[PDB]
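What follows is one structure encoded as structure tokens, with my remarks underneath.
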Amino acid sequence: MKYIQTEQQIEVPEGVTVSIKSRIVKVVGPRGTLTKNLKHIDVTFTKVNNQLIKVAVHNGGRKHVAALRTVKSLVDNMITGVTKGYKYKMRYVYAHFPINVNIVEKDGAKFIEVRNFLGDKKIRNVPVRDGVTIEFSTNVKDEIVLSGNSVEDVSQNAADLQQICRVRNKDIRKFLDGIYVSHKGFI
Amino acid sequence: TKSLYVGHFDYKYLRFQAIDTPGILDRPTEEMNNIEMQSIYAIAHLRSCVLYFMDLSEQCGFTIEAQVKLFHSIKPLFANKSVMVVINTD
Amino acid sequence: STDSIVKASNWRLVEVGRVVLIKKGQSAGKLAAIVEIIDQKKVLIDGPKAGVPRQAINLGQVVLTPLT
Amino acid sequence: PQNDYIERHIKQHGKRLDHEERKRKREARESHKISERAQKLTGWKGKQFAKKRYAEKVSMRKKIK
Amino acid sequence: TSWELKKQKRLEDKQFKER
Amino acid sequence: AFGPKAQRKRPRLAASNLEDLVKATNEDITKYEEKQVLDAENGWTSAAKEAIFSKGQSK
Amino acid sequence: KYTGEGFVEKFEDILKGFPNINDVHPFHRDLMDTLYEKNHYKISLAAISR
Amino acid sequence: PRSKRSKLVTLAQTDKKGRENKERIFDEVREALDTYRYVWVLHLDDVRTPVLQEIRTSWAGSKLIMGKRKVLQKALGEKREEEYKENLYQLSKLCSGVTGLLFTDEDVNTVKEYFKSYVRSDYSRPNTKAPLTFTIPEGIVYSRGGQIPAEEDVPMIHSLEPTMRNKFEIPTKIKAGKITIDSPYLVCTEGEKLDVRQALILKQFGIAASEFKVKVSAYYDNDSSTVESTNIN
Amino acid sequence: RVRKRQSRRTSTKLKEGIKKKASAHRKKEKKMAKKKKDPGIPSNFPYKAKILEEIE
Amino acid sequence: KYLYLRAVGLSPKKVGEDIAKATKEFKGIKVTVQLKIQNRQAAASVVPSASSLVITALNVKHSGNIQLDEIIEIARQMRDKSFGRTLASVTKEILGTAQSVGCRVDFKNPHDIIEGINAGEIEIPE
RNA sequence: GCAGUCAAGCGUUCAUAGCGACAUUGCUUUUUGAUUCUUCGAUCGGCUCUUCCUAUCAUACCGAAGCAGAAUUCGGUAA
RNA sequence: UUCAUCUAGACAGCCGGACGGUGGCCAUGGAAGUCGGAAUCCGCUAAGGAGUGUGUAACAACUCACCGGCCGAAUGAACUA
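Chain order of the listed sequences is X, D, Z, R, G, A, V, P, B and H. Be aware that the first sequence starts at 1, since it is given in PDB author numbering, and climbs by one per residue. Residues 201 to 288, 290, 299 in PDB author numbering are what the second sequence spells out, letter by letter. Be aware that the third sequence starts at 2, since it is given in PDB author numbering, and climbs by one per residue. Be aware that the fourth sequence starts at 2, since it is given in PDB author numbering, and climbs by one per residue. Be aware that the fifth sequence starts at 42, since it is given in PDB author numbering, and climbs by one per residue. Residues 140 to 179, 191 to 209 in PDB author numbering are what the sixth sequence spells out, letter by letter. Be aware that the seventh sequence starts at 51, since it is given in PDB author numbering, and climbs by one per residue. Be aware that the eighth sequence starts at 2, since it is given in PDB author numbering, and climbs by one per residue. Residues 2 to 36, 45 to 65 in PDB author numbering are what the ninth sequence spells out, letter by letter. Residues 11 to 19, 37 to 85, 97 to 164 in PDB author numbering are what the tenth sequence spells out, letter by letter.
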């Protein structure tokens, strides 16, 4: 009904620094820095005092209000990622064929290399995204951890991993081989 | 087990088939269930040898008297079937 | 220099005391002060100094000044 | 083969790692996709979809009654 | 008494319904 | 009878005097073997019937 | 004619694909009788045939 | 009328109570105040119904009224003006959470000694450290999970492996119907403020190794019409 | 590869026939035709308790 | 230790006759049994159940005429744990079990005798 | 199709008139896949060659199925 | 538009309770709230179905129905256009 003004609050801890011209957002903290463009959104920003940033929408509808809330959520994710970080643990399973997971540096591009998935000679290559670090978890069988500050890049890379090793033309009730996300969380 | 299960092996360059059957109770036989009538029809029809396992022991949750009772109950099927008994350890 | 530098984006706001310039009508270039707010589009203005009658008016007929 | 082999297999190994989450998410997205099929599926398929939905509404009404 | 306003109007609603 | 519900544990097609079903099974096996030799493939076929033999038959 | 042909193709796939519970072997016959109730079996298949 | 969440309706027998139940509790406490001599407040934040039933069966003559804090506050009186008897909001303010308000005609010291000598076993109830420490063995896990000789217990049911793997965050595999792990998972240490999933792990393994002893705060006598505060556990 | 699109041009024969269809249906409905509860004092009206007083 | 092997109509053989000789003449009914298990010794004895006690006091069917005093003796038999204040309430608790069994207490349905109890036409000796 | 049952709603300013969506009963011939299968009065079909539609037979990619694999069934995009 | 809930705290979330006779009766190889048939009662309660679904060979465990704690002000359903 054209709400005259709607507001959302964004809390900033002490170590974090937030810089916002028109709708570009830069967030700097211990773990690094992050940037995001929100010029598609048509909202208004303002600051109260070094710990509280308000986002406002004037004379808008349901979709505009939803955009306000999701903007708040995105900035909160940026702050959490620059402060603590995001860590996704994935486990790869097999019944007969041991899946061999390695890393290769090809033209300085950091590809993840999967071999012998369900007994195939094809070599599945997944490009690692910038701001993502892979390590093979020690003392835990067949687990790989993706760490970073961009939840988007981390989760999308994990999704690429679990999608590239999909099973084709076989009953999944029987064939359980694959790579699956075991855990999501912080560092 | 509620069904018949089959296995194969090769002995003396010949394929044999072993059949595990779920169970029989002593059951005066004008009332019995479709799980035991599988066992009965299998023992009656096929041209096999037949191995009765006794398990001479307090285990099994079943007494030796009941075991020999079942054997004596179903021995009419055994009239042409090449029977052996195995004790699996007064 | 590690404090937040969020912009402001100043705006001329519709508020009681906000003075406005009437760009079309019988007044046609006179000043008046918003005294009350009827809705998003209508307000009540009053200029006795320049001589405009107290009235309800749409905001398209006026233009807000930075003065209040 | 030979009996309920997949039931045995599920008892022994178990269904997948990503089975329950995906089922929950399918049940959640079904609410969106039902309306998606309503505003789409031009023609006979949309007509049949509407028929089915009406019958399902009547069934649940009678059940609650 | 921000809640009490609503509480009073609910009660007057009830009075009207009774009458 | 059959299904997930299946309120049917025992039959009514039941012979008593347990030797009787043995007498039955042997009779049935003998009858079966008899029918086998009574009514008694490898990757060749027989040619088509000529269309002239169906001339009396017509709408 | 097409609607008739579809139904009879489908029903023929049921009738020919399913076994004749008589006419197979006494062992399989008795097994499938105690499993599926031969009477119900034959009655359903006769319903489809008619 | 659209773009809402649909309420998942289900068809059960029981139905909500409403204001009639609360008015009934109100009248009950107010008519029991006139009847009995002493009235007590008991903080029972996390209980078992068999424990509460034991406490109730301990005396059929005395009354115990549970219910909503704000309803009992109104029955007693939260303001010094709004009150049933004198110096009663002084008692009513003590109620903190789940309060079981007891009425009796029995001596003060019997109650005082009973509700400090009464102690039972209970789960560790998260946001409360547990006096135990558990490394699960690094082989096959059993229904008690490292509490008795495994030759007594059986392996837990395969249906719990999704739960253990996802909700409890345990690293879990299964070789045939048995659940299995590679290394001994430590769950808790003594003097460690417990969390929800640790509590659920101990509950699943069946560990009631926490001391439930009911706390009593205050006490009010009708003839004297005075309050008296005694934190006794 | 996008497919065809129906046309919105009205081709006069159709609008004549529709006029005749409706002129016939109106007569048919008029022929079949040959074979209150006041809603009250609605809520959200703040001064509703005053209309109950002009009665006597 | 303790186990429950109800199962009626280590050393798992001698426990069979130890259980049967807890139900020598009575019961011929599916009663509940508690087995106190020492080293390999099965001290087995019946734990009282309301349904089995009722069916002693009386496809199969039930019509009892339990006479209103055998139910009181049953209520005395298992007012032990009972989670209930008075025998006058445990009797209702047992009359419900009788209603579920399908018996006929004295000559009426036991819910009508619960009505007579809580109305003040039937007395209970406390 | 005919004749019915029920009832979500509609309901001369009708409570006990009427209308009535979705469901559902009977008739069609049978219960044990033996049915020998069995036709009953219409006032076109065949060459060369081009294009178009999709309401997809095959090929391509997917979804669901007691889909072990193999093969197959149902369906979505696709001319 | 109508009907309902709400500072004696509504809706959503988390947490806890979710009991006792009782593993209610028939049935069965086994079925304990949840393959099925028919009862569907009382007790203690703040509330807790002889049980809403997942599950187990059976128990277990989880869940909702219902109650309570934290949260602190509006909310839900059916209709019409």
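Where a beta carbon is used, it is the ideal one built from N, C-alpha and C, also for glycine.
Chain-ordered chain B contacts of residue i [CB-CB under 7 Å]
i                    : result
residue 60 (chain G) : 61
Contact check, residue i vs residue j, beta carbons under 8 Å
i                     : j                     : result
residue 78 (chain P)  : residue 26 (chain P)  : no
residue 25 (chain X)  : residue 57 (chain X)  : no
residue 50 (chain H)  : residue 16 (chain H)  : no
residue 187 (chain X) : residue 147 (chain X) : yes
residue 17 (chain R)  : residue 134 (chain X) : no
residue 111 (chain P) : residue 185 (chain P) : no
residue 252 (chain D) : residue 283 (chain D) : yes
residue 21 (chain Z)  : residue 65 (chain Z)  : yes
residue 27 (chain X)  : residue 34 (chain X)  : yes
residue 34 (chain Z)  : residue 23 (chain Z)  : no
residue 148 (chain A) : residue 288 (chain D) : no
Cross-chain neighbours of residue i in chain P, by beta carbon under 7 Å
i                     : result
residue 123 (chain H) : 61
Residues that residue i contacts on chain V, provided the C-beta gap is smaller than 7 Å
i                     : result
residue 238 (chain D) : 81, 84
residue 211 (chain D) : Ordered by position in chain V, no residue passes the 7 Å Cβ test against residue 211 (chain D), which lies about 23 Å from the chain.
CB contact below 8 Å: residue i versus chain V
i                     : result
residue 246 (chain D) : yes
residue 150 (chain A) : yes
Best match in the options for proximity to residue i [C-alpha to C-alpha]
i                     : options                    : result
residue 241 (chain D) : A:179, A:195, A:159, A:146 : A:159
residue 272 (chain D) : D:235, D:228, D:236        : D:228
residue 18 (chain H)  : H:73, H:127, H:136, H:118  : H:73
residue 281 (chain D) : A:146, A:161, A:152, A:172 : A:161
residue 90 (chain P)  : P:106, P:71, P:104         : P:71
residue 21 (chain X)  : X:36, X:29, X:59           : X:36
residue 41 (chain P)  : P:157, P:218, P:224        : P:218
residue 191 (chain P) : P:177, P:201, P:183, P:211 : P:211
residue 99 (chain X)  : X:184, X:179, X:8          : X:179
residue 236 (chain D) : A:153, A:209, A:146        : A:153
residue 136 (chain H) : H:119, H:63, H:83          : H:83
residue 61 (chain Z)  : Z:43, Z:49, Z:53, Z:52     : Z:43
residue 60 (chain P)  : P:140, P:107, P:197        : P:107
Neighbour list for residue i in chain X, Cβ cutoff strictly below 9 Å
i                     : result
residue 17 (chain Z)  : None at all; the shortest Cβ gap to chain X is about 16 Å.
residue 183 (chain P) : 139, 140, 141
Closer than 8 Å to chain X by CB, residue i
i                     : result
residue 144 (chain P) : no
residue 50 (chain Z)  : no
residue 172 (chain P) : yes
residue 7 (chain Z)   : yes
Neighbour list for residue i in chain V, Cβ cutoff strictly below 8 Å
i                     : result
residue 140 (chain A) : 86, 87, 90
Residue-level contact to chain R via CB, residue i, 8 Å cutoff
i                     : result
residue 163 (chain P) : yes
residue 12 (chain P)  : yes
residue 178 (chain P) : yes
Closer than 7 Å at the beta carbon, the chain A residues around residue i
i                    : result
residue 78 (chain V) : The premise fails here: residue 78 (chain V) is roughly 11 Å from chain A at the closest Cβ pair, so nothing lies under 7 Å.
Residues that residue i contacts on chain D, provided the C-beta gap is smaller than 7 Å
i                    : result
residue 40 (chain H) : 258, 263
Chain X contact residues for residue i, given Cβ-Cβ distances below 8 Å
i                    : result
residue 33 (chain R) : Residues of chain X passing the Cβ test: none, with the nearest at roughly 15 Å.
Any chain G beta carbon closer than 8 Å to residue i
i                    : result
residue 57 (chain B) : yes
Residue i: contacting residues in chain D (beta-carbon distance under 8 Å)
i                     : result
residue 164 (chain A) : 241, 244, 245
Any C-beta of chain D under 8 Å from that of residue i
i                     : result
residue 158 (chain A) : yes
residue 3 (chain R)   : yes
residue 176 (chain A) : no
Closer than 7 Å at the beta carbon, the chain X residues around residue i
i                    : result
residue 44 (chain Z) : Those within 7 Å of residue 44 (chain Z) in chain X number zero; the least Cβ separation is about 14 Å.
Proximal chain R residues relative to residue i, where beta-carbon distance stays under 8 Å
i                     : result
residue 175 (chain P) : 13, 14, 15
Residue-chain proximity (residue i, chain P), Cβ-Cβ < 8 Å
i                   : result
residue 7 (chain R) : no
Beta-carbon separation (whole angstroms), residue i vs residue j, contact threshold 8 Å
i                     : j                    : result
residue 258 (chain D) : residue 39 (chain H) : 6 Å
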